[PDB]
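Participant: Sharing a structure, written as structure tokens. Questions coming.
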Amino acid sequence: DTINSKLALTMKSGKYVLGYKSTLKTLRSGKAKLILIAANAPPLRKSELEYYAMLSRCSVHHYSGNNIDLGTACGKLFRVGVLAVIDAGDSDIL
Amino acid sequence: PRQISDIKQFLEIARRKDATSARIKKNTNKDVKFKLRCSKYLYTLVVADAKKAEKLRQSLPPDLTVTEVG
Amino acid sequence: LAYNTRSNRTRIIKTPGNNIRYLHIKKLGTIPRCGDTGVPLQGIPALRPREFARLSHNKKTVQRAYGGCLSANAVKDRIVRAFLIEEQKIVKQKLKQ
Amino acid sequence: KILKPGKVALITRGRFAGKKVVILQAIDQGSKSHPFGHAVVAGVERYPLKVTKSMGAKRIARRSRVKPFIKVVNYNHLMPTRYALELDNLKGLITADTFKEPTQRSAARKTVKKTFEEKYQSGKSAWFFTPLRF
RNA sequence: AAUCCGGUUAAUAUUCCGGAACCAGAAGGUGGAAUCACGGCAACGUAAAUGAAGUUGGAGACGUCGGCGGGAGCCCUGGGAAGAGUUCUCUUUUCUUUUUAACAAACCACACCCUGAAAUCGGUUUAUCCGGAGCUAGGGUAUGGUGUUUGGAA
């Protein structure tokens with residue numbers, strides 16, 4: 001719950017991208033401090049994100065809920081299997 | 001039937017042994033059609049000016065059994 | 001050929017003698033499909049299986065690894081999956097060593 | 001920031017798919033020719049074959065001969081790897097004019113092939129020169 | 001795997017005659033091409049561009065129903081032309097006909113790629129379907145159902 005609250009605050013305070021290509025671009029650029037991946041993510045996509053996160057030295061957070069749950073927590077109406085947070089802003093999620 | 005638009009290759013394919021017979025057509029549009037019979041394909045050429053048409057009559061080899069309108 | 005069937009697919013055409021005649025049109029060819037995804041491949045004209053022989057080698061295959069048998073998206077996924085699996089085997093071997 | 005010069009990566013798109021390449025120069029800042037995350041990468045098109053001491057020297061050289069390939073590809077198309085290969089002859093030879101001039105491109109390919117053959121003779125970067133099954 | 005048109009008999013025609021194509025297999029020869037070819041970020045493209053054993057993949061090859069879109073022919077019809085009518089007068093009127101094959105050439109539009117990161121939700125079907133598993137938009141790529149211009153062919 002605390003992580004979800006911190007993510008919600010960061011969604012309006014810091015910089016976040018909720019998407020596969022955007023997170024991959026952010027991970028390649030190295031700006032993405034943390035990457036949140038839903039449990040329902042494909043094993044290949046999760047492994048690719050983990051390898052990119054390991055190369056870029058970024059935190060890897062695994063959301064217990066699925067993409068729908070991750071989208072509901074983020075407040076959007078669109079499922080987001082993977083999201084990348086570059087700056088936490090006011091929140092201290094990082 | 002390949003429509004042929006290059007006079008020079010029409011000349012060389014006529015000299016090549018595959019050519020058998022040639023026909024000349026004069027339509028109402030004052031155009032001259034050169035039809036050349038080959039082994040498999042009938043090559044045609046459409047020219048629009050008479051002086052080039054006549055010049056290519058005498059440029060064709062005499063061995064080719066050319067014929068006038070049908 | 002009495003009792004017309006799916007083979008006797010006739011199309012009416014107007015002849016130069018001002019007569020209507022039926023011409024038998026053969027079934028259209030199907031483009032090759034990707035082995036993994038199952039979606040048809042891109043760049044292969046859809047001709048008959050017998051007529052495919054007459055086409056040139058470059059006209060039937062795409063200039064890429066597994067081209068003409070696996071889709072490009074499938075090829076990219078297969079290449080990525082193999083590299084990651086190889087890294088996991090390398091990582092597991094180092095930990096086991 | 002995971003892409004640096006001299007890093008070993010794999011190409012996942014194009015004709016040279018699944019081929020290991022080394023980042024000669026990074027153009028991630030963008031360019032007019034390639035308005036994307038492009039970079040100049042040199043890879044191997046024909047991996048060297050196994051060498052047997054019983055085989056003749058000419059046959060061994062022919063088997064070890066490798067055809068290189070230099071092209072600029074997008075960052076998304078590439079796939080970075082932990083390993084990295086650095087060579088003195090591969091630094092400073094990458095330039096816009098090199099790809100612009102066809103004669104320079106052939107000279108660069110010849111130089112890269114000569115450098116790769118020397119590396120194979122030295123018995124270094126065996127994993128990089130070895131073909132990858134996919 | 002592969003054929004059309006016209007003509008022809010007292011009786012036979014995709015078979016015969018005339019003209020025009022196509023398929024399969026076979027060797028050499030000639031010209032061209034590579035020294036196991038290049039280009040494009042990519043989808044992929046091109047006159048070519050060796051591939052044994054061994055290992056796979058695809059076509060063949062796949063139910064049924066409904067609506068929509070495309071094309072062809074047929075039907076309808078406006079003129080143009082031709083002939084045959086009808087016609088004291090009226091009726092620019094009545095009836096009939098008005099062809100382009102196989103095949104071969106050049107060009108002519110839903111799936112994917114590139115830039116892109118979107119909800120203030122957009123695009124859109126006759127029928128609301130898709131979109132951070134990446135929308136609309138821009139640029140491409142391929143598939144050409146077809147259509148254009150011919151050749152055939154007057």
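Residue numbers start at 1 in each chain; chains themselves are named A, B, ... in the order of the structure tokens; ligands are numbered from 1 in the order shown.
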How close does each residue of chain E get to chain B, giving the shortest atom pair and distance in Å to one decimal for every residue with an atom at most 9 Å away, counting only C-alpha atoms (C1' of nucleotides), sorted by chain and residue number, as a Markdown table?

Facilitator:
| residue | atom | partner | partner_atom | distance |
| --- | --- | --- | --- | --- |
| E:20 | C1' | B:1 | CA | 8.3 |
| E:21 | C1' | B:40 | CA | 8.3 |
| E:103 | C1' | B:1 | CA | 8.0 |
| E:104 | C1' | B:1 | CA | 5.3 |
| E:105 | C1' | B:2 | CA | 6.1 |
| E:150 | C1' | B:3 | CA | 7.9 |
| E:151 | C1' | B:3 | CA | 5.0 |
| E:152 | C1' | B:1 | CA | 6.2 |

Participant: Go ahead and write the selection's residues with N, CA and C atoms (P, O5', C5', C4', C3', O3' and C1' of nucleotides) as a PDB file, in the first residue's frame.

Facilitator:
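To be explicit, this is the file written out as out.pdb:
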ATOM      1  P     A E  20       1.556 -16.366 -86.239  1.00  0.00           P
ATOM      2  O5'   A E  20       1.050 -16.182 -84.740  1.00  0.00           O
ATOM      3  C5'   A E  20       0.589 -14.922 -84.279  1.00  0.00           C
ATOM      4  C4'   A E  20      -0.111 -15.039 -82.949  1.00  0.00           C
ATOM      5  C3'   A E  20       0.711 -15.624 -81.814  1.00  0.00           C
ATOM      6  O3'   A E  20       1.597 -14.688 -81.229  1.00  0.00           O
ATOM      7  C1'   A E  20      -1.405 -16.659 -81.854  1.00  0.00           C
ATOM      8  P     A E  21       2.946 -15.195 -80.524  1.00  0.00           P
ATOM      9  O5'   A E  21       2.503 -15.466 -79.021  1.00  0.00           O
ATOM     10  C5'   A E  21       2.925 -16.632 -78.331  1.00  0.00           C
ATOM     11  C4'   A E  21       1.909 -17.040 -77.296  1.00  0.00           C
ATOM     12  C3'   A E  21       2.409 -17.944 -76.183  1.00  0.00           C
ATOM     13  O3'   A E  21       3.100 -17.237 -75.170  1.00  0.00           O
ATOM     14  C1'   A E  21       0.368 -18.782 -77.017  1.00  0.00           C
ATOM     15  P     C E 103      -4.490 -16.351 -69.726  1.00  0.00           P
ATOM     16  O5'   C E 103      -3.130 -15.991 -70.472  1.00  0.00           O
ATOM     17  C5'   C E 103      -2.228 -17.009 -70.878  1.00  0.00           C
ATOM     18  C4'   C E 103      -1.275 -16.513 -71.934  1.00  0.00           C
ATOM     19  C3'   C E 103      -0.381 -15.354 -71.527  1.00  0.00           C
ATOM     20  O3'   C E 103       0.750 -15.769 -70.782  1.00  0.00           O
ATOM     21  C1'   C E 103      -1.342 -14.902 -73.637  1.00  0.00           C
ATOM     22  P     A E 104       1.362 -14.816 -69.644  1.00  0.00           P
ATOM     23  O5'   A E 104       2.167 -13.716 -70.464  1.00  0.00           O
ATOM     24  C5'   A E 104       3.187 -14.091 -71.377  1.00  0.00           C
ATOM     25  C4'   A E 104       3.702 -12.898 -72.139  1.00  0.00           C
ATOM     26  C3'   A E 104       3.965 -11.656 -71.306  1.00  0.00           C
ATOM     27  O3'   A E 104       5.214 -11.705 -70.638  1.00  0.00           O
ATOM     28  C1'   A E 104       2.750 -11.063 -73.243  1.00  0.00           C
ATOM     29  P     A E 105       5.517 -10.703 -69.423  1.00  0.00           P
ATOM     30  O5'   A E 105       6.237  -9.468 -70.126  1.00  0.00           O
ATOM     31  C5'   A E 105       6.252  -8.191 -69.509  1.00  0.00           C
ATOM     32  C4'   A E 105       6.142  -7.087 -70.529  1.00  0.00           C
ATOM     33  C3'   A E 105       5.868  -5.700 -69.970  1.00  0.00           C
ATOM     34  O3'   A E 105       7.042  -5.054 -69.511  1.00  0.00           O
ATOM     35  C1'   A E 105       4.401  -6.127 -71.772  1.00  0.00           C
ATOM     36  P     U E 150      -4.372   2.686 -76.027  1.00  0.00           P
ATOM     37  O5'   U E 150      -4.132   1.113 -76.006  1.00  0.00           O
ATOM     38  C5'   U E 150      -3.681   0.428 -77.163  1.00  0.00           C
ATOM     39  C4'   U E 150      -2.232   0.034 -77.043  1.00  0.00           C
ATOM     40  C3'   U E 150      -1.830  -1.233 -77.778  1.00  0.00           C
ATOM     41  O3'   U E 150      -1.589  -1.013 -79.156  1.00  0.00           O
ATOM     42  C1'   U E 150      -0.978  -1.298 -75.576  1.00  0.00           C
ATOM     43  P     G E 151      -2.282  -1.954 -80.257  1.00  0.00           P
ATOM     44  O5'   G E 151      -1.341  -3.237 -80.304  1.00  0.00           O
ATOM     45  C5'   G E 151       0.063  -3.100 -80.451  1.00  0.00           C
ATOM     46  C4'   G E 151       0.791  -4.332 -79.979  1.00  0.00           C
ATOM     47  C3'   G E 151       0.283  -5.653 -80.529  1.00  0.00           C
ATOM     48  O3'   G E 151       0.766  -5.928 -81.832  1.00  0.00           O
ATOM     49  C1'   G E 151       0.600  -5.840 -78.195  1.00  0.00           C
ATOM     50  P     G E 152      -0.261  -6.250 -83.024  1.00  0.00           P
ATOM     51  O5'   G E 152      -0.938  -7.622 -82.585  1.00  0.00           O
ATOM     52  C5'   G E 152      -0.151  -8.784 -82.376  1.00  0.00           C
ATOM     53  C4'   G E 152      -0.928  -9.861 -81.663  1.00  0.00           C
ATOM     54  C3'   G E 152      -2.290 -10.197 -82.246  1.00  0.00           C
ATOM     55  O3'   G E 152      -2.200 -11.067 -83.360  1.00  0.00           O
ATOM     56  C1'   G E 152      -2.445 -10.009 -79.886  1.00  0.00           C
TER      57        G E 152
END

Participant: Report as a PDB file with N, CA, C and O atoms (P, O5', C5', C4', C3', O3' and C1' of nucleotides), in the first residue's frame all protein, DNA and RNA residues lying within 12 Å of stretch 75-80 of chain A, evaluated on only C-alpha atoms (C1' of nucleotides), omitting residues in the same chain fewer than 5 positions from it.

Facilitator:
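The resulting file, out-v6.pdb, is reproduced below:
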ATOM      1  N   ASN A   4       2.319   1.671  -3.385  1.00  0.00           N
ATOM      2  CA  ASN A   4       1.291   2.174  -4.289  1.00  0.00           C
ATOM      3  C   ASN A   4       1.033   3.658  -4.063  1.00  0.00           C
ATOM      4  O   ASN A   4       0.872   4.422  -5.023  1.00  0.00           O
ATOM      5  N   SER A   5       0.981   4.084  -2.798  1.00  0.00           N
ATOM      6  CA  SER A   5       0.798   5.502  -2.502  1.00  0.00           C
ATOM      7  C   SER A   5       1.980   6.326  -2.998  1.00  0.00           C
ATOM      8  O   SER A   5       1.798   7.418  -3.548  1.00  0.00           O
ATOM      9  N   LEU A   7       3.959   5.530  -5.492  1.00  0.00           N
ATOM     10  CA  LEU A   7       3.869   5.552  -6.948  1.00  0.00           C
ATOM     11  C   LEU A   7       2.820   6.549  -7.424  1.00  0.00           C
ATOM     12  O   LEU A   7       3.032   7.254  -8.418  1.00  0.00           O
ATOM     13  N   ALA A   8       1.680   6.616  -6.732  1.00  0.00           N
ATOM     14  CA  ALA A   8       0.642   7.572  -7.105  1.00  0.00           C
ATOM     15  C   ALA A   8       1.134   9.007  -6.958  1.00  0.00           C
ATOM     16  O   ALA A   8       0.869   9.854  -7.820  1.00  0.00           O
ATOM     17  N   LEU A   9       1.847   9.301  -5.868  1.00  0.00           N
ATOM     18  CA  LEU A   9       2.412  10.635  -5.691  1.00  0.00           C
ATOM     19  C   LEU A   9       3.467  10.930  -6.749  1.00  0.00           C
ATOM     20  O   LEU A   9       3.543  12.052  -7.264  1.00  0.00           O
ATOM     21  N   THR A  10       4.295   9.937  -7.084  1.00  0.00           N
ATOM     22  CA  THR A  10       5.309  10.129  -8.114  1.00  0.00           C
ATOM     23  C   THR A  10       4.685  10.329  -9.489  1.00  0.00           C
ATOM     24  O   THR A  10       5.263  11.021 -10.335  1.00  0.00           O
ATOM     25  N   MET A  11       3.515   9.731  -9.733  1.00  0.00           N
ATOM     26  CA  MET A  11       2.845   9.890 -11.019  1.00  0.00           C
ATOM     27  C   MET A  11       2.430  11.332 -11.282  1.00  0.00           C
ATOM     28  O   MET A  11       2.223  11.704 -12.442  1.00  0.00           O
ATOM     29  N   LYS A  12       2.298  12.148 -10.235  1.00  0.00           N
ATOM     30  CA  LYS A  12       1.953  13.554 -10.385  1.00  0.00           C
ATOM     31  C   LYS A  12       3.087  14.503 -10.032  1.00  0.00           C
ATOM     32  O   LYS A  12       3.001  15.689 -10.363  1.00  0.00           O
ATOM     33  N   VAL A  17       7.191   6.972 -17.143  1.00  0.00           N
ATOM     34  CA  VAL A  17       6.733   6.487 -18.439  1.00  0.00           C
ATOM     35  C   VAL A  17       6.181   5.083 -18.246  1.00  0.00           C
ATOM     36  O   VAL A  17       6.867   4.212 -17.699  1.00  0.00           O
ATOM     37  N   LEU A  18       4.950   4.862 -18.695  1.00  0.00           N
ATOM     38  CA  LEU A  18       4.260   3.582 -18.534  1.00  0.00           C
ATOM     39  C   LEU A  18       4.078   2.965 -19.918  1.00  0.00           C
ATOM     40  O   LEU A  18       3.068   3.187 -20.588  1.00  0.00           O
ATOM     41  N   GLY A  19       5.067   2.181 -20.341  1.00  0.00           N
ATOM     42  CA  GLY A  19       5.023   1.525 -21.632  1.00  0.00           C
ATOM     43  C   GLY A  19       6.257   0.688 -21.888  1.00  0.00           C
ATOM     44  O   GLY A  19       7.297   0.907 -21.262  1.00  0.00           O
ATOM     45  N   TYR A  20       6.160  -0.272 -22.810  1.00  0.00           N
ATOM     46  CA  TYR A  20       7.295  -1.145 -23.093  1.00  0.00           C
ATOM     47  C   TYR A  20       8.403  -0.394 -23.824  1.00  0.00           C
ATOM     48  O   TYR A  20       9.556  -0.376 -23.374  1.00  0.00           O
ATOM     49  N   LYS A  21       8.075   0.229 -24.960  1.00  0.00           N
ATOM     50  CA  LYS A  21       9.089   0.929 -25.743  1.00  0.00           C
ATOM     51  C   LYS A  21       9.657   2.123 -24.984  1.00  0.00           C
ATOM     52  O   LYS A  21      10.864   2.380 -25.035  1.00  0.00           O
ATOM     53  N   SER A  22       8.798   2.869 -24.284  1.00  0.00           N
ATOM     54  CA  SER A  22       9.270   4.025 -23.527  1.00  0.00           C
ATOM     55  C   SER A  22      10.213   3.602 -22.406  1.00  0.00           C
ATOM     56  O   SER A  22      11.259   4.228 -22.200  1.00  0.00           O
ATOM     57  N   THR A  23       9.857   2.546 -21.671  1.00  0.00           N
ATOM     58  CA  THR A  23      10.748   2.045 -20.628  1.00  0.00           C
ATOM     59  C   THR A  23      12.040   1.503 -21.224  1.00  0.00           C
ATOM     60  O   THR A  23      13.125   1.723 -20.671  1.00  0.00           O
ATOM     61  N   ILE A  35      12.097   0.407 -12.445  1.00  0.00           N
ATOM     62  CA  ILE A  35      11.210  -0.185 -13.439  1.00  0.00           C
ATOM     63  C   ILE A  35      10.243  -1.110 -12.714  1.00  0.00           C
ATOM     64  O   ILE A  35      10.671  -2.045 -12.027  1.00  0.00           O
ATOM     65  N   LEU A  36       8.947  -0.853 -12.866  1.00  0.00           N
ATOM     66  CA  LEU A  36       7.906  -1.672 -12.261  1.00  0.00           C
ATOM     67  C   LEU A  36       7.312  -2.583 -13.328  1.00  0.00           C
ATOM     68  O   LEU A  36       6.810  -2.101 -14.350  1.00  0.00           O
ATOM     69  N   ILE A  37       7.366  -3.890 -13.089  1.00  0.00           N
ATOM     70  CA  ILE A  37       6.866  -4.892 -14.024  1.00  0.00           C
ATOM     71  C   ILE A  37       5.794  -5.711 -13.322  1.00  0.00           C
ATOM     72  O   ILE A  37       6.011  -6.203 -12.208  1.00  0.00           O
ATOM     73  N   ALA A  38       4.643  -5.856 -13.972  1.00  0.00           N
ATOM     74  CA  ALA A  38       3.550  -6.625 -13.401  1.00  0.00           C
ATOM     75  C   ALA A  38       3.886  -8.114 -13.390  1.00  0.00           C
ATOM     76  O   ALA A  38       4.722  -8.599 -14.159  1.00  0.00           O
ATOM     77  N   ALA A  39       3.220  -8.842 -12.490  1.00  0.00           N
ATOM     78  CA  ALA A  39       3.427 -10.284 -12.404  1.00  0.00           C
ATOM     79  C   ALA A  39       2.952 -10.998 -13.664  1.00  0.00           C
ATOM     80  O   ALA A  39       3.534 -12.017 -14.054  1.00  0.00           O
ATOM     81  N   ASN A  40       1.905 -10.486 -14.307  1.00  0.00           N
ATOM     82  CA  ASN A  40       1.358 -11.069 -15.530  1.00  0.00           C
ATOM     83  C   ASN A  40       2.194 -10.764 -16.769  1.00  0.00           C
ATOM     84  O   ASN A  40       1.750 -11.098 -17.876  1.00  0.00           O
ATOM     85  N   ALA A  41       3.365 -10.146 -16.628  1.00  0.00           N
ATOM     86  CA  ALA A  41       4.194  -9.851 -17.782  1.00  0.00           C
ATOM     87  C   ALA A  41       4.756 -11.139 -18.380  1.00  0.00           C
ATOM     88  O   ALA A  41       4.987 -12.117 -17.664  1.00  0.00           O
ATOM     89  N   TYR A  63       5.365  -5.844  -9.424  1.00  0.00           N
ATOM     90  CA  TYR A  63       4.022  -5.629  -8.904  1.00  0.00           C
ATOM     91  C   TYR A  63       3.291  -6.960  -8.781  1.00  0.00           C
ATOM     92  O   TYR A  63       3.279  -7.761  -9.721  1.00  0.00           O
ATOM     93  N   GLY A  65       0.044  -7.485  -8.541  1.00  0.00           N
ATOM     94  CA  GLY A  65      -1.103  -7.513  -9.422  1.00  0.00           C
ATOM     95  C   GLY A  65      -0.712  -7.566 -10.887  1.00  0.00           C
ATOM     96  O   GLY A  65       0.446  -7.396 -11.271  1.00  0.00           O
ATOM     97  N   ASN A  66      -1.717  -7.810 -11.722  1.00  0.00           N
ATOM     98  CA  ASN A  66      -1.518  -7.911 -13.161  1.00  0.00           C
ATOM     99  C   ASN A  66      -1.411  -6.511 -13.766  1.00  0.00           C
ATOM    100  O   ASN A  66      -1.313  -5.505 -13.058  1.00  0.00           O
ATOM    101  N   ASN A  67      -1.422  -6.438 -15.100  1.00  0.00           N
ATOM    102  CA  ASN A  67      -1.357  -5.145 -15.772  1.00  0.00           C
ATOM    103  C   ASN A  67      -2.579  -4.293 -15.452  1.00  0.00           C
ATOM    104  O   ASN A  67      -2.472  -3.070 -15.305  1.00  0.00           O
ATOM    105  N   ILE A  68      -3.753  -4.922 -15.352  1.00  0.00           N
ATOM    106  CA  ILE A  68      -4.961  -4.190 -14.978  1.00  0.00           C
ATOM    107  C   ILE A  68      -4.825  -3.625 -13.569  1.00  0.00           C
ATOM    108  O   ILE A  68      -5.197  -2.475 -13.306  1.00  0.00           O
ATOM    109  N   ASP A  69      -4.298  -4.428 -12.641  1.00  0.00           N
ATOM    110  CA  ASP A  69      -4.082  -3.944 -11.281  1.00  0.00           C
ATOM    111  C   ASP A  69      -3.050  -2.823 -11.251  1.00  0.00           C
ATOM    112  O   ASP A  69      -3.207  -1.844 -10.513  1.00  0.00           O
ATOM    113  N   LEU A  70      -1.981  -2.955 -12.041  1.00  0.00           N
ATOM    114  CA  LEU A  70      -0.978  -1.897 -12.111  1.00  0.00           C
ATOM    115  C   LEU A  70      -1.572  -0.611 -12.672  1.00  0.00           C
ATOM    116  O   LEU A  70      -1.277   0.485 -12.182  1.00  0.00           O
TER     117      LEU A  70
ATOM    118  P     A E 118       1.698  10.786 -24.419  1.00  0.00           P
ATOM    119  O5'   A E 118       0.506  11.667 -25.000  1.00  0.00           O
ATOM    120  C5'   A E 118       0.323  11.810 -26.406  1.00  0.00           C
ATOM    121  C4'   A E 118      -0.970  11.186 -26.872  1.00  0.00           C
ATOM    122  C3'   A E 118      -2.054  11.050 -25.803  1.00  0.00           C
ATOM    123  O3'   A E 118      -3.332  11.235 -26.407  1.00  0.00           O
ATOM    124  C1'   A E 118      -1.533   8.919 -26.674  1.00  0.00           C
ATOM    125  P     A E 119      -4.087  12.648 -26.283  1.00  0.00           P
ATOM    126  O5'   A E 119      -4.984  12.486 -24.978  1.00  0.00           O
ATOM    127  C5'   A E 119      -5.944  11.440 -24.880  1.00  0.00           C
ATOM    128  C4'   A E 119      -6.719  11.511 -23.589  1.00  0.00           C
ATOM    129  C3'   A E 119      -5.883  11.373 -22.319  1.00  0.00           C
ATOM    130  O3'   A E 119      -6.461  12.166 -21.284  1.00  0.00           O
ATOM    131  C1'   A E 119      -7.457   9.604 -22.432  1.00  0.00           C
ATOM    132  P     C E 121     -12.064  12.558 -21.214  1.00  0.00           P
ATOM    133  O5'   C E 121     -11.597  11.437 -22.244  1.00  0.00           O
ATOM    134  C5'   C E 121     -12.162  11.359 -23.545  1.00  0.00           C
ATOM    135  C4'   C E 121     -11.096  11.180 -24.595  1.00  0.00           C
ATOM    136  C3'   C E 121     -11.584  11.015 -26.025  1.00  0.00           C
ATOM    137  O3'   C E 121     -11.918  12.247 -26.639  1.00  0.00           O
ATOM    138  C1'   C E 121      -9.924   9.394 -25.559  1.00  0.00           C
ATOM    139  P     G E 131      -5.670  -4.202 -28.649  1.00  0.00           P
ATOM    140  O5'   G E 131      -4.980  -2.771 -28.529  1.00  0.00           O
ATOM    141  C5'   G E 131      -3.906  -2.408 -29.385  1.00  0.00           C
ATOM    142  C4'   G E 131      -3.518  -0.964 -29.198  1.00  0.00           C
ATOM    143  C3'   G E 131      -3.462  -0.479 -27.760  1.00  0.00           C
ATOM    144  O3'   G E 131      -2.264  -0.851 -27.107  1.00  0.00           O
ATOM    145  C1'   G E 131      -4.633   1.094 -29.072  1.00  0.00           C
ATOM    146  P     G E 132      -2.304  -1.875 -25.870  1.00  0.00           P
ATOM    147  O5'   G E 132      -1.012  -1.480 -25.032  1.00  0.00           O
ATOM    148  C5'   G E 132      -0.519  -0.147 -25.070  1.00  0.00           C
ATOM    149  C4'   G E 132       0.920  -0.068 -24.630  1.00  0.00           C
ATOM    150  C3'   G E 132       1.173  -0.499 -23.189  1.00  0.00           C
ATOM    151  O3'   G E 132       2.466  -1.092 -23.087  1.00  0.00           O
ATOM    152  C1'   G E 132       1.750   1.787 -23.449  1.00  0.00           C
ATOM    153  P     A E 133       2.611  -2.616 -22.599  1.00  0.00           P
ATOM    154  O5'   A E 133       2.423  -3.472 -23.930  1.00  0.00           O
ATOM    155  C5'   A E 133       3.308  -3.310 -25.033  1.00  0.00           C
ATOM    156  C4'   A E 133       2.994  -4.269 -26.155  1.00  0.00           C
ATOM    157  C3'   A E 133       1.662  -4.036 -26.868  1.00  0.00           C
ATOM    158  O3'   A E 133       1.798  -4.375 -28.248  1.00  0.00           O
ATOM    159  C1'   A E 133       1.694  -6.210 -25.951  1.00  0.00           C
ATOM    160  P     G E 134       2.248  -3.264 -29.319  1.00  0.00           P
ATOM    161  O5'   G E 134       1.778  -1.885 -28.675  1.00  0.00           O
ATOM    162  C5'   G E 134       0.483  -1.354 -28.937  1.00  0.00           C
ATOM    163  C4'   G E 134       0.516   0.146 -29.094  1.00  0.00           C
ATOM    164  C3'   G E 134       1.201   0.655 -30.362  1.00  0.00           C
ATOM    165  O3'   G E 134       0.570   1.863 -30.779  1.00  0.00           O
ATOM    166  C1'   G E 134       2.330   1.497 -28.473  1.00  0.00           C
ATOM    167  P     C E 135       0.405   2.194 -32.343  1.00  0.00           P
ATOM    168  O5'   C E 135      -1.018   2.903 -32.433  1.00  0.00           O
ATOM    169  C5'   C E 135      -2.209   2.176 -32.174  1.00  0.00           C
ATOM    170  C4'   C E 135      -3.373   3.099 -31.919  1.00  0.00           C
ATOM    171  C3'   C E 135      -3.603   4.181 -32.962  1.00  0.00           C
ATOM    172  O3'   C E 135      -4.307   3.710 -34.098  1.00  0.00           O
ATOM    173  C1'   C E 135      -3.687   5.140 -30.804  1.00  0.00           C
TER     174        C E 135
END

Participant: To test your reading of the structure, identify every residue in stretch 35-81 of chain D that backbone DSSP assigns to helix (DSSP H, G or I), and report it as a compact mmCIF listing (two decimals) with C-alpha atoms, in the first residue's frame.

Facilitator:
# COMPACT_ATOMS: atom_id res chain seq x y z
CA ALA D 57 48.39 -23.67 -44.14
CA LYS D 58 46.47 -22.31 -47.14
CA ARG D 59 43.40 -24.32 -46.13
CA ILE D 60 43.72 -23.09 -42.54
CA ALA D 61 43.93 -19.48 -43.73
CA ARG D 62 40.88 -19.93 -45.96
CA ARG D 63 38.89 -21.44 -43.09
CA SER D 64 39.96 -18.65 -40.71

Participant: For residue D:79, please output as a ChimeraX atom specification all residues within 7 Å (counting only C-alpha atoms (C1' of nucleotides); exclusion window: fewer than 6 positions along the same chain).

Facilitator: /D:9-12

Participant: Quick one: write out the picked residues with N, CA and C atoms as an mmCIF file, in the first residue's frame?

Facilitator:
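Contents of again-v5.cif, freshly written:
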data_model
loop_
_atom_site.group_PDB
_atom_site.id
_atom_site.type_symbol
_atom_site.label_atom_id
_atom_site.label_comp_id
_atom_site.auth_asym_id
_atom_site.auth_seq_id
_atom_site.Cartn_x
_atom_site.Cartn_y
_atom_site.Cartn_z
ATOM 1 N N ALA D 9 27.871 -6.243 -29.111
ATOM 2 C CA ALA D 9 26.417 -6.270 -29.160
ATOM 3 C C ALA D 9 25.979 -7.193 -30.289
ATOM 4 N N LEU D 10 24.674 -7.442 -30.359
ATOM 5 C CA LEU D 10 24.084 -8.307 -31.369
ATOM 6 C C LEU D 10 23.018 -7.544 -32.141
ATOM 7 N N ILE D 11 23.001 -7.737 -33.457
ATOM 8 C CA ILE D 11 22.020 -7.098 -34.326
ATOM 9 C C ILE D 11 20.807 -8.009 -34.444
ATOM 10 N N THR D 12 19.623 -7.452 -34.194
ATOM 11 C CA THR D 12 18.385 -8.218 -34.187
ATOM 12 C C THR D 12 17.457 -7.880 -35.345
#

Participant: Rounded to one decimal in Å, what is the spacing between atom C1' of residue E:68 and atom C1' of residue E:123?

Facilitator: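 Spanning atom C1' of residue E:68 to atom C1' of residue E:123 is a straight-line distance of 19.0 Å.
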
Participant: Near chain C, which residues of chain E fall within 7 Å when you count only C-alpha atoms (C1' of nucleotides), and what do they look like as a list in words?

Facilitator: residues 1, 57, 58, 59, 73, 99, 100, 101, 142 and 143 of chain E

Participant: Atom CA of residue D:45 and atom CA of residue C:87, how far apart in Å?

Facilitator: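 Calculated distance between atom CA of residue C:87 and atom CA of residue D:45 is 22.2 Å.
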
Participant: DSSP on the backbone, strand (DSSP E) only: what residues of chain C does that give? Format it as a list in words.

Facilitator: residues 10, 11, 12, 13, 14, 20, 21, 22, 23 and 24 of chain C

Participant: Write out as number ranges by chain the residues lying within 10 Å of stretch 65-72 of chain D, counting only C-alpha atoms (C1' of nucleotides) and excluding same-chain residues fewer than 4 positions away.

Facilitator: D: 16, 19, 21-27, 34, 37-49, 59-61, 94, 99, 105-106, 108-114, 116-117, 120, 129; E: 41

Participant: Just the number, please: distance in Å from atom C1' of residue E:77 to atom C1' of residue E:98, one decimal.

Facilitator: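 Going from atom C1' of residue E:77 over to atom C1' of residue E:98 covers 15.4 Å.
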
Participant: Dump as a PyMOL selection string the residues of chain D that approach chain C to within 7 Å, counting only C-alpha atoms.

Facilitator: chain D and resi 12-18+134
